[PDB]
Amino acid sequence: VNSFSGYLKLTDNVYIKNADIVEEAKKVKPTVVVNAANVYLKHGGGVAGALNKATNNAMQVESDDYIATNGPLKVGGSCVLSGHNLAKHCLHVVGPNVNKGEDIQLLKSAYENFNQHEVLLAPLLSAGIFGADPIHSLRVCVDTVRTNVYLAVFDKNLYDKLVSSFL
Ligand SMILES: Cc1c(Cl)cc(S(=O)(=O)NNC(=O)c2ccccc2O)cc1Cl
């Protein structure tokens, strides 16, 4: 039993809801919140911009030190950093950005990072400003992630579309 509330059960381990991931994280304080990161951990917009704003820019400060030490992530890769006031940990995961021309096949590799964590609050990877079809992202999520994933979808119209088309 965990503290997530109001989710629709899509599969054995995947749950989906219309929610602002920032507000969901602040309320649930999950062990792991997933950020829709880029390879530079520059949290300017989209989900990353919103998560970073909620930490009063502390996520960005921590991230800049991480990059200065380690260099950029790989597309499809991840790193674990602090969750600040939102979660115990933040798993920064880089899905391919379609508005950059990156290979959508890397979306499966990106979701594989979720399997290192028993329970996660997460957005759909590569959705939104990353340019991929959120329906496809959901399919890859369900077919790749084996741990318990709670997907927060900000847009109510998109949430409704995501449920009604799910196979
Ligand atoms: C960067 C990013 C990611 Cl990676 C994931 C999500 S989401 O999982 O909340 N889905 N939402 C959408 O695709 C969307 C599309 C068109 C208009 C509004 C939308 O909200 C949002 C964002 Cl901005």
# chains A, B, ... in the order shown; residues from 1 in each chain; ligands from 1
>>> select_by_dssp(residues="chain A", states="strand (DSSP E or B)", output="MDAnalysis selection string")
chainID A and resid 8:9 14:18 32:36 78:82 89:93 119:122 148:153
>>> residues_around(residues="residue 2 in chain A", least_positions_apart="6", cutoff="12 Å", atoms="only C-alpha atoms", output="number ranges by chain")
A: 28-31, 118-121, 148-150
>>> select_by_dssp(residues="range 3-157 of chain A", states="helix (DSSP H, G or I)", output="NGL selection string")
:A and (21-28 or 46-54 or 58-70 or 98-100 or 106-116 or 128-130 or 134-144 or 156-157)
>>> residues_around(residues="residue 82 in chain A", least_positions_apart="5", cutoff="9 Å", atoms="only C-alpha atoms", output="list in words")
residues 59, 62, 87, 88, 89, 90 and 91 of chain A
>>> write_last_selection(atoms="N, CA and C atoms", output="PDB file, in the first residue's frame")
ATOM      1  N   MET A  59      17.256  22.701  -7.628  1.00  0.00           N
ATOM      2  CA  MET A  59      17.504  21.614  -8.572  1.00  0.00           C
ATOM      3  C   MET A  59      18.531  22.026  -9.624  1.00  0.00           C
ATOM      4  N   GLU A  62      22.137  22.258  -8.059  1.00  0.00           N
ATOM      5  CA  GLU A  62      22.680  20.917  -7.890  1.00  0.00           C
ATOM      6  C   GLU A  62      23.069  20.311  -9.234  1.00  0.00           C
ATOM      7  N   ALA A  87      10.404  15.325  -3.285  1.00  0.00           N
ATOM      8  CA  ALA A  87      10.542  13.876  -3.239  1.00  0.00           C
ATOM      9  C   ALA A  87      11.854  13.578  -2.531  1.00  0.00           C
ATOM     10  N   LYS A  88      12.046  12.322  -2.135  1.00  0.00           N
ATOM     11  CA  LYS A  88      13.357  11.945  -1.615  1.00  0.00           C
ATOM     12  C   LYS A  88      14.429  12.114  -2.686  1.00  0.00           C
ATOM     13  N   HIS A  89      14.188  11.542  -3.869  1.00  0.00           N
ATOM     14  CA  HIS A  89      15.115  11.555  -4.985  1.00  0.00           C
ATOM     15  C   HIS A  89      14.413  12.055  -6.236  1.00  0.00           C
ATOM     16  N   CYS A  90      15.191  12.663  -7.126  1.00  0.00           N
ATOM     17  CA  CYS A  90      14.744  12.935  -8.485  1.00  0.00           C
ATOM     18  C   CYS A  90      15.570  12.099  -9.452  1.00  0.00           C
ATOM     19  N   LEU A  91      14.890  11.264 -10.235  1.00  0.00           N
ATOM     20  CA  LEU A  91      15.513  10.532 -11.331  1.00  0.00           C
ATOM     21  C   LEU A  91      15.380  11.382 -12.592  1.00  0.00           C
TER      22      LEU A  91
END
>>> residues_near_ligand(ligand="ligand 1", cutoff="9 Å", atoms="only C-alpha atoms and all ligand atoms", output="MDAnalysis selection string")
chainID A and resid 18:21 35:37 45:50 94:95 97 122:135 137 151:159
>>> write_last_selection(atoms="N, CA, C and O atoms", output="compact mmCIF listing (two decimals), in the first residue's frame")
# COMPACT_ATOMS: atom_id res chain seq x y z
N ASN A 18 -4.78 12.61 -14.25
CA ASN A 18 -4.69 14.01 -14.66
C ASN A 18 -4.27 14.82 -13.45
O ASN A 18 -5.06 15.03 -12.53
N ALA A 19 -3.01 15.25 -13.42
CA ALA A 19 -2.47 15.94 -12.26
C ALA A 19 -1.25 16.74 -12.67
O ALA A 19 -0.56 16.40 -13.64
N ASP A 20 -1.01 17.82 -11.93
CA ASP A 20 0.23 18.58 -12.04
C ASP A 20 1.29 17.86 -11.22
O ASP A 20 1.16 17.76 -9.99
N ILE A 21 2.33 17.35 -11.88
CA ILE A 21 3.33 16.54 -11.20
C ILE A 21 3.97 17.30 -10.06
O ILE A 21 4.33 16.71 -9.03
N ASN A 35 12.13 13.44 -13.55
CA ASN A 35 12.20 14.65 -14.36
C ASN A 35 12.42 14.30 -15.82
O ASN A 35 13.22 13.41 -16.15
N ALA A 36 11.71 15.03 -16.69
CA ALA A 36 11.90 15.03 -18.14
C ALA A 36 13.11 15.91 -18.48
O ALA A 36 12.99 17.03 -18.98
N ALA A 37 14.29 15.37 -18.19
CA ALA A 37 15.54 16.10 -18.30
C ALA A 37 16.04 16.14 -19.73
O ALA A 37 15.61 15.37 -20.59
N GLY A 45 12.14 24.55 -19.17
CA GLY A 45 10.75 24.58 -19.55
C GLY A 45 10.17 23.18 -19.52
O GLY A 45 10.84 22.21 -19.17
N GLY A 46 8.91 23.09 -19.91
CA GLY A 46 8.25 21.80 -19.82
C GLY A 46 8.20 21.34 -18.37
O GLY A 46 8.20 22.14 -17.43
N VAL A 47 8.18 20.02 -18.20
CA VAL A 47 8.15 19.46 -16.85
C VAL A 47 9.39 19.87 -16.06
O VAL A 47 9.30 20.19 -14.88
N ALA A 48 10.56 19.84 -16.70
CA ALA A 48 11.80 20.18 -16.00
C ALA A 48 11.77 21.62 -15.49
O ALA A 48 12.19 21.89 -14.36
N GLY A 49 11.31 22.55 -16.33
CA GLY A 49 11.22 23.93 -15.88
C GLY A 49 10.30 24.08 -14.69
O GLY A 49 10.57 24.86 -13.78
N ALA A 50 9.17 23.35 -14.70
CA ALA A 50 8.21 23.44 -13.61
C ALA A 50 8.75 22.80 -12.33
O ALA A 50 8.63 23.38 -11.24
N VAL A 94 16.54 11.26 -19.62
CA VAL A 94 16.58 11.94 -20.91
C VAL A 94 15.90 11.08 -21.96
O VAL A 94 16.48 10.10 -22.45
N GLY A 95 14.66 11.42 -22.31
CA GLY A 95 14.04 10.85 -23.48
C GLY A 95 14.50 11.60 -24.71
O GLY A 95 14.94 12.75 -24.63
N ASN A 97 14.39 13.98 -27.81
CA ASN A 97 13.64 15.18 -28.18
C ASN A 97 13.44 15.15 -29.69
O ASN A 97 14.41 15.22 -30.46
N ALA A 122 5.93 9.90 -12.31
CA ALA A 122 6.63 10.22 -13.55
C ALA A 122 5.71 10.89 -14.55
O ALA A 122 4.49 10.67 -14.55
N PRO A 123 6.27 11.72 -15.43
CA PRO A 123 5.57 12.15 -16.65
C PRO A 123 5.81 11.13 -17.76
O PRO A 123 6.67 10.26 -17.67
N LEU A 124 5.02 11.27 -18.83
CA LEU A 124 5.30 10.51 -20.04
C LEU A 124 6.56 11.06 -20.70
O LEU A 124 6.64 12.24 -21.03
N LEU A 125 7.56 10.19 -20.88
CA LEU A 125 8.83 10.63 -21.45
C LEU A 125 8.66 10.99 -22.93
O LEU A 125 7.90 10.36 -23.66
N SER A 126 9.40 12.01 -23.35
CA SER A 126 9.44 12.53 -24.70
C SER A 126 8.13 13.21 -25.12
O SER A 126 8.04 13.67 -26.26
N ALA A 127 7.14 13.32 -24.24
CA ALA A 127 5.90 14.01 -24.53
C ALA A 127 6.11 15.52 -24.44
O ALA A 127 7.23 16.02 -24.25
N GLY A 128 5.02 16.27 -24.61
CA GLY A 128 5.11 17.72 -24.48
C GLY A 128 6.13 18.29 -25.45
O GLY A 128 6.16 17.95 -26.64
N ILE A 129 6.99 19.17 -24.93
CA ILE A 129 7.94 19.89 -25.77
C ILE A 129 9.03 19.00 -26.35
O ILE A 129 9.79 19.46 -27.22
N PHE A 130 9.13 17.74 -25.92
CA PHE A 130 10.07 16.82 -26.54
C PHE A 130 9.54 16.24 -27.85
O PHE A 130 10.28 15.54 -28.55
N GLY A 131 8.28 16.51 -28.20
CA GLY A 131 7.79 16.33 -29.55
C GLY A 131 7.24 14.96 -29.91
O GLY A 131 6.71 14.81 -31.01
N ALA A 132 7.34 13.96 -29.03
CA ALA A 132 6.83 12.64 -29.37
C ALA A 132 5.32 12.56 -29.11
O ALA A 132 4.74 13.35 -28.37
N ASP A 133 4.70 11.56 -29.75
CA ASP A 133 3.29 11.27 -29.54
C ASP A 133 3.09 10.69 -28.14
O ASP A 133 3.63 9.62 -27.84
N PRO A 134 2.33 11.35 -27.26
CA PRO A 134 2.15 10.80 -25.90
C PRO A 134 1.48 9.44 -25.88
O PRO A 134 1.72 8.67 -24.94
N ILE A 135 0.63 9.12 -26.86
CA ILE A 135 0.03 7.79 -26.92
C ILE A 135 1.12 6.73 -27.12
O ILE A 135 1.11 5.67 -26.47
N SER A 137 4.35 7.07 -26.38
CA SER A 137 5.11 7.05 -25.14
C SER A 137 4.45 6.17 -24.09
O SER A 137 5.13 5.41 -23.39
N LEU A 151 1.78 7.72 -13.41
CA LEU A 151 1.97 8.73 -14.45
C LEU A 151 1.04 9.91 -14.21
O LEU A 151 -0.20 9.75 -14.22
N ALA A 152 1.63 11.09 -14.03
CA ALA A 152 0.90 12.34 -13.92
C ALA A 152 0.87 13.00 -15.29
O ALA A 152 1.92 13.19 -15.92
N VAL A 153 -0.34 13.33 -15.75
CA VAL A 153 -0.55 13.99 -17.03
C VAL A 153 -1.20 15.34 -16.75
O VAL A 153 -2.31 15.40 -16.22
N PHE A 154 -0.49 16.42 -17.11
CA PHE A 154 -0.96 17.76 -16.78
C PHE A 154 -2.23 18.13 -17.54
O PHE A 154 -3.15 18.71 -16.96
N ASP A 155 -2.28 17.83 -18.83
CA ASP A 155 -3.36 18.32 -19.69
C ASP A 155 -4.57 17.41 -19.55
O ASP A 155 -4.48 16.21 -19.83
N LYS A 156 -5.70 17.97 -19.13
CA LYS A 156 -6.90 17.16 -18.93
C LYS A 156 -7.38 16.56 -20.25
O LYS A 156 -7.76 15.38 -20.30
N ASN A 157 -7.38 17.35 -21.32
CA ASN A 157 -7.80 16.81 -22.61
C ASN A 157 -6.90 15.66 -23.05
O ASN A 157 -7.38 14.64 -23.55
N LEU A 158 -5.59 15.80 -22.84
CA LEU A 158 -4.69 14.71 -23.19
C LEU A 158 -4.93 13.49 -22.32
O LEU A 158 -4.94 12.36 -22.81
N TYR A 159 -5.10 13.70 -21.01
CA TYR A 159 -5.40 12.58 -20.12
C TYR A 159 -6.60 11.79 -20.62
O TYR A 159 -6.56 10.56 -20.69
>>> closest_residue(among="A:74, A:165, A:6, A:92", to="residue 60 in chain A", atoms="only C-alpha atoms")
A:92
>>> closest_residue(among="A:103, A:53, A:108, A:11", to="residue 167 in chain A", atoms="only C-alpha atoms")
A:11
>>> closest_residue(among="A:70, A:52, A:5, A:116", to="residue 146 in chain A", atoms="only C-alpha atoms")
A:116
>>> residues_around(residues="residue 63 in chain A", least_positions_apart="5", cutoff="8 Å", atoms="only C-alpha atoms", output="PyMOL selection string")
chain A and resi 41-42+81
>>> write_last_selection(atoms="N, CA and C atoms", output="PDB file, in the first residue's frame")
ATOM      1  N   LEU A  41      21.039  18.846 -18.241  1.00  0.00           N
ATOM      2  CA  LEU A  41      20.283  19.158 -17.032  1.00  0.00           C
ATOM      3  C   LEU A  41      19.968  20.648 -16.933  1.00  0.00           C
ATOM      4  N   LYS A  42      19.616  21.249 -18.068  1.00  0.00           N
ATOM      5  CA  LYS A  42      19.172  22.638 -18.107  1.00  0.00           C
ATOM      6  C   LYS A  42      17.651  22.633 -18.027  1.00  0.00           C
ATOM      7  N   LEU A  81      19.525  12.365  -8.483  1.00  0.00           N
ATOM      8  CA  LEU A  81      19.917  13.521  -7.692  1.00  0.00           C
ATOM      9  C   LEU A  81      18.882  13.720  -6.590  1.00  0.00           C
TER      10      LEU A  81
END
>>> atom_distance(atom1="CA of residue 68 in chain A", atom2="CA of residue 107 in chain A")
25.8 Å
>>> closest_residue(among="A:166, A:25, A:61, A:43", to="residue 139 in chain A", atoms="only C-alpha atoms")
A:166
>>> closest_residue(among="A:106, A:113, A:14, A:98", to="residue 34 in chain A", atoms="only C-alpha atoms")
A:113
>>> closest_residue(among="A:22, A:100, A:162, A:143", to="residue 8 in chain A", atoms="only C-alpha atoms")
A:162
>>> atom_distance(atom1="CA of residue 75 in chain A", atom2="CA of residue 12 in chain A")
28.0 Å
>>> decode(residues="range 66-96 of chain A", atoms="N, CA and C atoms", output="short mmCIF file (atom, residue, chain, number, x, y, z; two decimals), in the first residue's frame")
data_model
loop_
_atom_site.label_atom_id
_atom_site.label_comp_id
_atom_site.auth_asym_id
_atom_site.auth_seq_id
_atom_site.Cartn_x
_atom_site.Cartn_y
_atom_site.Cartn_z
N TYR A 66 26.60 18.84 -10.83
CA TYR A 66 26.69 17.49 -11.38
C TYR A 66 27.33 17.50 -12.77
N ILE A 67 26.88 18.39 -13.65
CA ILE A 67 27.42 18.45 -15.01
C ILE A 67 28.88 18.90 -15.00
N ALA A 68 29.22 19.86 -14.15
CA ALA A 68 30.61 20.32 -14.08
C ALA A 68 31.55 19.18 -13.70
N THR A 69 31.07 18.22 -12.91
CA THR A 69 31.88 17.10 -12.46
C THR A 69 31.87 15.94 -13.45
N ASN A 70 30.71 15.65 -14.04
CA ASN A 70 30.50 14.41 -14.77
C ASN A 70 30.30 14.57 -16.26
N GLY A 71 30.05 15.78 -16.74
CA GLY A 71 29.69 15.96 -18.12
C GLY A 71 28.25 15.58 -18.39
N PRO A 72 27.82 15.76 -19.63
CA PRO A 72 26.41 15.53 -19.98
C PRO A 72 26.00 14.07 -19.88
N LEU A 73 24.70 13.88 -19.67
CA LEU A 73 24.11 12.55 -19.78
C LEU A 73 24.06 12.14 -21.25
N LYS A 74 23.71 10.87 -21.47
CA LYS A 74 23.36 10.32 -22.77
C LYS A 74 21.86 10.45 -22.99
N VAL A 75 21.45 10.67 -24.24
CA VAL A 75 20.04 10.48 -24.58
C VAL A 75 19.69 9.02 -24.33
N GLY A 76 18.63 8.79 -23.56
CA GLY A 76 18.27 7.48 -23.08
C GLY A 76 18.79 7.17 -21.69
N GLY A 77 19.66 8.03 -21.14
CA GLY A 77 20.26 7.80 -19.85
C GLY A 77 19.59 8.58 -18.73
N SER A 78 20.18 8.48 -17.55
CA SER A 78 19.60 9.07 -16.35
C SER A 78 20.67 9.28 -15.30
N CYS A 79 20.32 10.09 -14.30
CA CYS A 79 21.08 10.17 -13.07
C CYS A 79 20.11 10.41 -11.91
N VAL A 80 20.51 9.96 -10.72
CA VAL A 80 19.75 10.18 -9.50
C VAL A 80 20.35 11.36 -8.75
N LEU A 81 19.52 12.36 -8.48
CA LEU A 81 19.92 13.52 -7.69
C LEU A 81 18.88 13.72 -6.59
N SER A 82 19.05 14.78 -5.81
CA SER A 82 18.10 15.05 -4.73
C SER A 82 16.71 15.36 -5.28
N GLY A 83 15.69 14.99 -4.52
CA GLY A 83 14.34 15.41 -4.80
C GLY A 83 13.96 16.73 -4.16
N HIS A 84 14.86 17.34 -3.39
CA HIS A 84 14.64 18.66 -2.78
C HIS A 84 13.36 18.60 -1.96
N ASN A 85 12.46 19.58 -2.09
CA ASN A 85 11.22 19.63 -1.34
C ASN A 85 10.11 18.82 -1.99
N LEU A 86 10.38 18.12 -3.08
CA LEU A 86 9.34 17.45 -3.85
C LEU A 86 9.29 15.94 -3.65
N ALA A 87 10.40 15.33 -3.29
CA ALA A 87 10.54 13.88 -3.24
C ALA A 87 11.85 13.58 -2.53
N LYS A 88 12.05 12.32 -2.14
CA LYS A 88 13.36 11.95 -1.61
C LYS A 88 14.43 12.11 -2.69
N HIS A 89 14.19 11.54 -3.87
CA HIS A 89 15.12 11.56 -4.99
C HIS A 89 14.41 12.05 -6.24
N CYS A 90 15.19 12.66 -7.13
CA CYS A 90 14.74 12.93 -8.49
C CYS A 90 15.57 12.10 -9.45
N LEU A 91 14.89 11.26 -10.24
CA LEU A 91 15.51 10.53 -11.33
C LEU A 91 15.38 11.38 -12.59
N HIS A 92 16.49 11.99 -13.02
CA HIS A 92 16.52 12.80 -14.24
C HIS A 92 16.71 11.85 -15.40
N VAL A 93 15.70 11.72 -16.27
CA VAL A 93 15.73 10.78 -17.38
C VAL A 93 15.65 11.57 -18.68
N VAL A 94 16.54 11.26 -19.62
CA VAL A 94 16.58 11.94 -20.91
C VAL A 94 15.90 11.08 -21.96
N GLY A 95 14.66 11.42 -22.31
CA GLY A 95 14.04 10.85 -23.48
C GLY A 95 14.50 11.60 -24.71
N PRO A 96 14.39 10.98 -25.88
CA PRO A 96 14.74 11.70 -27.12
C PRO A 96 13.80 12.88 -27.36
#
